[PDB]
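Below: one structure, written as structure tokens.
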Amino acid sequence: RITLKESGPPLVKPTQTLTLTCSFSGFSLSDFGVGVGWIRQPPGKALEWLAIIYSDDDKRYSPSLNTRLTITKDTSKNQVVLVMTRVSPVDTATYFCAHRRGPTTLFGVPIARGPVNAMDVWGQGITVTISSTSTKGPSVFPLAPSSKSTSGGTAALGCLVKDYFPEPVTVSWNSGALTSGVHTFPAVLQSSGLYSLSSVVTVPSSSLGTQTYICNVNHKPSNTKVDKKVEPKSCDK
Amino acid sequence: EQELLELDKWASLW
Amino acid sequence: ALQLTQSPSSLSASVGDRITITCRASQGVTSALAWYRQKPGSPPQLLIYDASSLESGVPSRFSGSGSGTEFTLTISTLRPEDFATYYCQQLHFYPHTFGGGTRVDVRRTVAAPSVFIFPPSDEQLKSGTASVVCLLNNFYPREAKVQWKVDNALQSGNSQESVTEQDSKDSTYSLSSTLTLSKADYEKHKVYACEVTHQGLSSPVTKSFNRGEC
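Chains as they are written, first to last, in the working numbering: chain S, 61 to 297; chain D, 3 to 16; chain E, 157 to 370.
This is how it looks when you write it as structure tokens:
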């Protein structure tokens, strides 16, 4: 019966202030000892505790971020706000708000610590990216099949989708006709601030001479679509 | 026991 | 702050298996330890609270134990939906802290990766940059080490790796390593190689090309 949902901007520029709101239903910040906390999860990393605020307005912050974090609440609106100042790309992550139960009470009397040791209900989470990069479509380059990308009667080939922002980008092969053996890697953020990913597929080397291979790349944020044909270099003909 | 960590809000509750 | 060491970091198992994950605290946190399960794209889900209490609605296959500094989460019979990442969290001291996580993937027989290398395209070289890609295809387990060498000079700080999610059909992983150089530096060298280390490989394997030999 408890539901929590985070809302906020998906993109913020470095040095600006980030304001996240948690709206919930199913409980009241008026409940004795109840708490609402925030946890972030940076791309491919572990969970990181940020702060927590309780029904009595008591509150705590991760010590390494206490100068940049501020947490507040409005018990009549069923909301909790987390403010993070002077953000930087290190702050890019998925932010989750969560409910912490108060102790067991008998007719209002606190009788057991037990229930409070965990964050029992989490929100869906909100992804926030901190970057000053401008919107930009990718450039697609071929990863041509060769003797160095062949294994037995099989050959590997692909596309390199480089320098785009922001996420995401979708890739298909031969208009969706080719799916088996395809591997589209999760994008990586380069030191330039632009994303990049590659998509590869293994196919019979005996087909490299007749079958056409085209990767279809689509980057909606910039309205950029590219069809890139990938073929053996002149060396292998 | 090291550091001087602050106790959770309910650490002293039975 | 209070450090939590979760081990192992990665674990292979099969449906029906019995697994145990441990979490060690740098100092006593009494029973204030919680366990969560996190599936790809989803938020953490509570399993055990207060070290051993089973959260309401959680399957009985999950159990927890410990008190003080050593804790363990146990799944008596592994179910398909249990292949995910698990975390412990201590709520005895501020700041609350989580463990580093323990991923649990589907076990299969060892499979060395097929290593392929791709020199940059002339198309890219014209734009002023050169990306060299090394591909490790369909391997298992997930742990792999890749090193770049340009004319025997180890490359550090100028490459990035990306790994796929375990394949739903053959339970393998694929990894790509991309080395980026400017056109200028790329043309100043001949031999480009990526050395790969993996459990399935008797010894480090090298894949390379010589742009100076045509």
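No residue lacks a Cβ here, since even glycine has one placed at the ideal position from N, Cα and C.
Check: Residue range of the alpha helix (DSSP H) that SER283 of chain E falls in?
Finding: 278 to 283
Check: In chain E, which residues lie with their C-beta within 7 Å of the C-beta of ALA153 of chain S?
Finding: Here the premise fails: no neighbours, minimum Cβ distance about 13 Å.
Note to self: If we define contact as Cβ-Cβ less than 8 Å, is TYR242 of chain E a contact residue for chain S?
What the structure shows: no
Item checked: 7 Å Cβ cut-off: residues of chain E touching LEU15 of chain D -> Under the 7 Å cutoff, chain E gives no residues; its nearest Cβ is about 11 Å from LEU15 of chain D.
Check: So, helix, strand or coil for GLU3 of chain D, using DSSP?
Finding: coil
Checklist line | Three-state secondary structure (DSSP) of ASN234 of chain S | finding: helix
Check: What is the rounded straight-line gap between the Cα of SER327 of chain E and the Cα of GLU343 of chain E?
Finding: Rounded to the nearest angstrom, the two C-alpha atoms are 39 Å apart.
Notebook entry, point to check: Is there a Cβ from chain E that is less than 8 Å from the Cβ of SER115 of chain S?
Noted result: no
Next item on the list: Note down, in chain order, each residue of its chain lying with its Cβ closer than 7 Å to the Cβ of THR272 of chain S, except the 5 sequence neighbours on either side.
Entry: Counting only residues of its own chain and dropping the five nearest sequence neighbours on each side, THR272 of chain S has a CB closer than 7 Å to the CB of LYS289.
Note to self: Against chain E, does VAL143 of chain S count as a neighbour if the rule is that its beta carbon must be under 8 Å from one of theirs?
What the structure shows: Not closer than 8 Å to any Cβ of chain E, the Cβ of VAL143 of chain S fails to qualify, so no.
Check: Do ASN177 of chain S and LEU247 of chain E have their CB atoms nearer than 8 Å?
Finding: The answer is yes: Cβ separation under 8 Å.
Margin query: Quick check on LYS208 of chain S: does DSSP put it in helix, strand or coil?
Written below: helix
Next item on the list: Take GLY255 of chain E and list the residues in its own chain whose beta-carbon comes closer than 6 Å to its own, dropping the five residues that flank it on each side.
Entry: Within the same chain, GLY255 of chain E has close Cβ partners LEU160, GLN162, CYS179, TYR243, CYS244.
Checklist line | Sub-8 Å separation of residue 115 of chain E and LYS222 of chain S beta-carbons | finding: For residue 115 of chain E there is no data in the structure shown, the boundaries of chain E being 157 and 370.
Next item on the list: Classify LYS285 of chain S as buried or exposed, calling it buried when 16 or more other Cβ atoms lie within 10 Å of its own Cβ.
Entry: exposed
Item checked: Backbone CA spacing between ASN126 of chain S and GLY284 of chain E [nearest angstrom] -> 44 Å
Checklist line | DSSP-derived helix/strand/coil call for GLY97 of chain S | finding: strand
Check: By how many angstroms is the C-alpha of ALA207 of chain E removed from the C-alpha of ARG298 of chain E?
Finding: 30 Å
Check: Within this structure, are the beta carbons of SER259 of chain S and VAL242 of chain S separated by less than 8 Å?
Finding: Cβ distance < 8 Å, so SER259 of chain S and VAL242 of chain S count as in contact.
Check: Using a Cβ cut-off of 7 Å, which residues of the stretch 255 to 282 of chain E contact any Cβ in chain S, in chain order?
Finding: For the stretch 255 to 282 of chain E, which is checked against every Cβ of chain S, the residues closer than 7 Å are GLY256, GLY257, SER270, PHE272, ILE273, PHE274, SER277, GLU279, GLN280.
Next item on the list: Could you check the C-alpha separation between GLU279 of chain E and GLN194 of chain E for me, to the nearest Å?
Entry: 42 Å
Item checked: Under 8 Å between C-beta atoms of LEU107 of chain S and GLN101 of chain S -> yes
Next item on the list: Go through its chain and collect everything with a Cβ distance to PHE274 of chain E's Cβ below 6 Å, but skip five positions before and after it.
Entry: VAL289
Margin query: Quick check: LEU220 of chain S and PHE245 of chain S, are their CB atoms within less than 8 Å of each other?
Written below: no
Note to self: Taking the straight line between their C-alpha atoms, what separation do you get for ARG160 of chain S and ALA169 of chain E?
What the structure shows: Cα-Cα distance, rounded: 32 Å.
Check: Between the stretch 185 to 200 of chain S and the stretch 224 to 235 of chain S, are three or more C-beta pairs nearer than 8 Å?
Finding: yes
Notebook entry, point to check: Does the stretch 73 to 84 of chain S come close enough to the stretch 212 to 228 of chain E to have 3 or more Cβ pairs within less than 8 Å?
Noted result: With a cut-off of 8 Å, the stretch 212 to 228 of chain E and the stretch 73 to 84 of chain S do not count as touching, because too few Cβ pairs lie within range.
Item checked: Distance, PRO149 of chain S Cα to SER122 of chain S Cα -> 18 Å
Margin query: Looking only at its chain, what residues have a beta carbon closer than 8 Å to the beta carbon of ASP117 of chain S, apart from the 5 residues adjacent to it on each side?
Written below: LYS133
Item checked: Proximal chain D residues relative to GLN183 of chain E, where beta-carbon distance stays under 9 Å -> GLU3, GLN4, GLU5, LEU7
Next item on the list: Thinking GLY174 of chain S and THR164 of chain S are a contact (beta carbons under 8 Å), I'd like their distance in whole angstroms, please.
Entry: 6 Å
Margin query: Please confirm whether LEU167 of chain E has its beta-carbon closer than 8 Å to some beta-carbon of chain D.
Written below: no
Item checked: Buried or exposed by the 16-neighbour rule on C-beta atoms within 10 Å, applied to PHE249 of chain E -> buried
Margin query: Quick check on this structure: which residue in E:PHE239, E:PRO200, E:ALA190 has the alpha carbon closest to the alpha carbon of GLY220 of chain E?
Written below: Residue nearest to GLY220 of chain E within the set E:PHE239, E:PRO200, E:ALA190 is E:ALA190 (criterion: CA-CA distance).
Margin query: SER166 of chain E and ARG264 of chain E - do their beta-carbons sit closer together than 8 Å?
Written below: In this structure, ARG264 of chain E sits away from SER166 of chain E, with a CB-CB distance that is not shorter than 8 Å.
Notebook entry, point to check: Which residue or residues does DSSP assign as beta-bridge partners of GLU8 of chain D?
Noted result: As computed with DSSP, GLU8 of chain D is found in a beta bridge with E:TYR250.
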